[PDB]
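J.: So I pulled this structure from the PDB, and the sequence comes with it:
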Amino acid sequence: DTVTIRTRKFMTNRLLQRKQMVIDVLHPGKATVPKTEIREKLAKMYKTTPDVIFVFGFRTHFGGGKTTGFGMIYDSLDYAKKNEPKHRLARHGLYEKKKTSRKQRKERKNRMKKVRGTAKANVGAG
Amino acid sequence: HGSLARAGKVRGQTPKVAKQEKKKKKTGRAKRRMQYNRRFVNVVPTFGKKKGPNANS
Amino acid sequence: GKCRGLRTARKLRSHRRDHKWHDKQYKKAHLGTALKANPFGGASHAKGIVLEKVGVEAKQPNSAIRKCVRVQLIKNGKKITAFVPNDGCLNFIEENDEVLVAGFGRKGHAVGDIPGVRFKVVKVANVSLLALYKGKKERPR
Amino acid sequence: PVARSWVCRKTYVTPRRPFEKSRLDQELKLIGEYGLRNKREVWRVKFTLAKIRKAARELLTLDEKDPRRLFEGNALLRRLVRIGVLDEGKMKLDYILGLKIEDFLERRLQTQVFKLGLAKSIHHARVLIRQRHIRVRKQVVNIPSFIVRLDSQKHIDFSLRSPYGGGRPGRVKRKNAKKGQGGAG
RNA sequence: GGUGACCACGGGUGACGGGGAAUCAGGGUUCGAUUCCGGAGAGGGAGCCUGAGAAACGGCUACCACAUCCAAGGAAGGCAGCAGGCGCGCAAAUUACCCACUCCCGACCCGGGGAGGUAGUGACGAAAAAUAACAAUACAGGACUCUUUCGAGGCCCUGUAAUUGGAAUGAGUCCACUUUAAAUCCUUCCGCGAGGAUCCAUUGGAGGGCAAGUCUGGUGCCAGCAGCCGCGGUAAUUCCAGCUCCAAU
Ligand SMILES: [Mg+2]
Ligand SMILES: [Mg+2]
Ligand SMILES: [Mg+2]
Ligand SMILES: [Mg+2]
Ligand SMILES: [Mg+2]
Ligand SMILES: [Mg+2]
Ligand SMILES: [Mg+2]
Ligand SMILES: [Mg+2]
Ligand SMILES: [Mg+2]
Ligand SMILES: [Mg+2]
């Protein structure tokens, strides 16, 4: 009822295949807004479905009257799975990555030099 | 020379006392209100030949 | 009088240069001696082992026994008397116990009475006399 | 190497002649007269003014009609009128010198809470401001010692989201209400 | 032949060089190993390959100086990368998470980066800033007005108390959201969360310099105090204590 999502600084990024602007969320005593609602309420806004809108940034400031941030819009999900970084697609269940976890990589890859070129042993791995 | 027996003669035999308890003293900025108030605006009576802020009667 | 001239920037500099090896407060600081002499090797405090407890007799006008500690510093193996400040605290310190000895405030002068004692004890077995003589932290065991 | 900031510098100076009496007996008035947090908070304003006065005095040594004086001067004067100290276009510099602490105190938020009725006793003000009761313009202000721009004097007002102002009676009245509904009723 | 008291040459440095710092009426004085620039060294020297580009140390060759495994024939050693430990020491952080930011190398949009960022530790230090406010009482007072004063009307006040009283809030805790990479932290907020006996401010002082008691206990040239001046020998404004106050807080 009381949210009123007003945008600033819209740019038609021909060359990243996008529309991109500062989201300015008003909100009264009710607390923040989640990025799901904001996507669906920004979807009917520009009429592009919620699917193709990626939002980060969002920083509230005293009183809880207002919260700024950055959201943006590709002209197809096909491009979004291309121009967009991983974290923003992985933010909602569309693209995840391996959990090897950094020191498993390092401990492995500092072996496989010890072994020569016998693939079998490099596949031996950790 | 000298006898080191007498180290801590005095704290030794001074009879200890309780530290009491009344008022959790007001602090911070209210302290400073209480301060000014109690020696500027309030009492400021007919002078009695200088003060004695911690002196006796 | 002074030299006063206009191409006299040296006779002046070199005048005001040497007429500092007649200052006292710089010939401590810039000569060498100090760093070489003070058991505290230019260092604010220092740690050392209590090798015995010694009463010192105060300078005539004020009679009393001062209650100090012969220390041997770790870094040098240089010995020391340090007056254990505040009443009945010598009672705390036992022999062979590791103390953090700091200065007196006169930086080299012996303080007031305590004839020829530059140093004062602070800590004792990682405690601090201030905590002991207040009864906050007990003696370790 | 790292990113990060530094450039941290003090906001104040402590006095030399460390307890004159006369100096204490001034600096106390100031604390009561206007309900100040502490003593330092004076020598904040004391240090800030001494900047200005030395900035001004820096200019009074220059010849007139010289690009700096005219520029830095206006800029400096404007900055004072802007916060409501020099008035009407008093704006010609020498005057800056004749100016005392009382002023950058009178234009702290705290003072301009009861100066505009709002509070009810000077310490309410400092409480009320901390308590996130009062707002300026639209931001809810937490800070007593926010020097108020002269423009933004008429927009100090009881917050939209606070008990006096409206909405959600605070938890004390909510609990002693629920004692009447739940406990009594 | 060249240099020299316009101080060479010799010695020293708690000396990597600048850019700056804190101090500061003007002038200096000391510090700058300190993230920016410039130099050097990877235990120490020398020589080396290789390389455009190195005399390259996350190469090697000895030697010297160090040090590991051993089947005793031999073999592998370089934290002044990041973490960590030991020793030294007055004196200094986690075997943390990550390429998401800035950038770099590659054959390269795609990997990697202890370069770097993010957490943790962290009174090195700087900013802001709670530790209560207010009404009515009970009073304790003091400028109008009223009273010769004693008294009273009261616009003014302020002290303590009763807390009489409810109002307001945060420290916490914790639904929820954001954040971010995932958090965390911050900002947002539902829900709980202040009557002191609590949700509890300390460190030095209280002769003077120097703001603050010839208040009260005890010791009696002892203990002890005291940066200097000094106090202590039987009423200590000075020691150890109690209560009160002061400065910053
Ligand atoms: Mg040397
Ligand atoms: Mg080494
Ligand atoms: Mg090299
Ligand atoms: Mg080499
Ligand atoms: Mg290395
Ligand atoms: Mg340190
Ligand atoms: Mg790092
Ligand atoms: Mg600080
Ligand atoms: Mg507190
Ligand atoms: Mg004094």
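T.: Structure received. Numbers count the residues shown, from 1 in each chain, chains lettered A, B, ... in the order given. Ligands and ions are numbered 1, 2, ... in the order given.

J.: What's opposite residue C:70 in the beta bridge?
T.: For residue C:70, the beta-bridge partners are residue C:52, residue C:81 (DSSP bridges).

J.: How many neighbouring residues does it have?
T.: 16 (other CB atoms under 10 Å in any protein chain shown). No exception for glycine: its C-beta is placed from N, CA and C like everyone else's.

J.: Look up the closest residue to the residue in chain D that chain A sits nearest to, ignoring the ones flanking it.
T.: For chain D and chain A, the shortest gap (CB to the nearest CB) falls at residue D:140, measuring 3.6 Å. Residue nearest to residue D:140 in three dimensions, not counting chain neighbours: residue A:63, with 3.6 Å by CB to CB, 6 or more residues apart in numbering or on different chains.

J.: ok, now residue D:23?
T.: For residue D:23, the nearest residue in space outside its immediate sequence neighbours is residue D:15; the separation is 6.2 Å by CB to CB, 6+ apart.

J.: ok so, going back, wait, doesn't the residue of chain D closest to chain A sit right on residue A:61?
T.: No: in this structure, residue D:140 is not within contact of residue A:61 by CB atoms under 8 Å, at 9.5 Å.

J.: Which residue of those two possesses the greater neighbour count?
T.: A count of neighbours by other CB under 10 Å puts residue D:140 above the other of residue D:140 and residue A:61, at 19 against 12.

J.: quick one: contacts for that one?
T.: With CB atoms under 8 Å, 6 or more residues apart in numbering or on different chains as the criterion, the residues that contact residue D:140 are A:62-63, A:65, D:132, D:134, D:159, D:161.

J.: With residue C:49 instead?
T.: For residue C:49, the set of contacting residues under the criterion of CB under 8 Å, 6+ apart consists of C:71-72, C:74, C:96-99.

J.: how far out from the middle of the chain is stretch C:8-28?
T.: Centroid separation between stretch C:8-28 and its chain, computed with CA atoms, centre = their mean, to the nearest Å, is 29 Å.

J.: Surely residue B:36 is within a helix?
T.: Yes: assessed with DSSP: H, G, I helix; E, B strand; the rest coil, residue B:36 lies in a helix.

J.: Residue D:175: neighbour count?
T.: Counted with other CB under 10 Å, the burial measure for residue D:175 works out to 12 neighbours.

J.: Let's verify it: helix, strand, or coil?
T.: With three-state DSSP as the basis, residue D:175 sits in helix.

J.: State the distance from it to residue D:182.
T.: When CB to CB, to the nearest Å is the yardstick, residue D:175 and residue D:182 sit 10 Å from each other.

J.: What of residue C:89?
T.: In this view, residue C:89 and residue D:182 are 61 Å apart by CB to CB.

J.: before we move on, the earlier item: in the contacts of residue D:140, find the pair that's most separated.
T.: By the measure CB to CB, A:65 and D:134 form the most distant pair in these, at 14.2 Å.

J.: So if I had to pick from the two, which one is more boxed in?
T.: Neighbour comparison, residue A:65 and residue D:134: the larger count goes to residue D:134, with 25 against 18 (by other CB under 10 Å).

J.: What residue, apart from its backbone neighbours, is nearest the more buried one spatially?
T.: With sequence-adjacent residues excluded and distances taken as CB to CB, 6+ apart, residue D:134 is closest to residue D:128, at 5.7 Å.

J.: got a list of contacts for stretch D:147-156?
T.: With CB under 8 Å, 6+ apart as the test, stretch D:147-156 has contacts from D:81-84, D:104, D:107-109, D:112-113, D:116, D:118, D:134-137.
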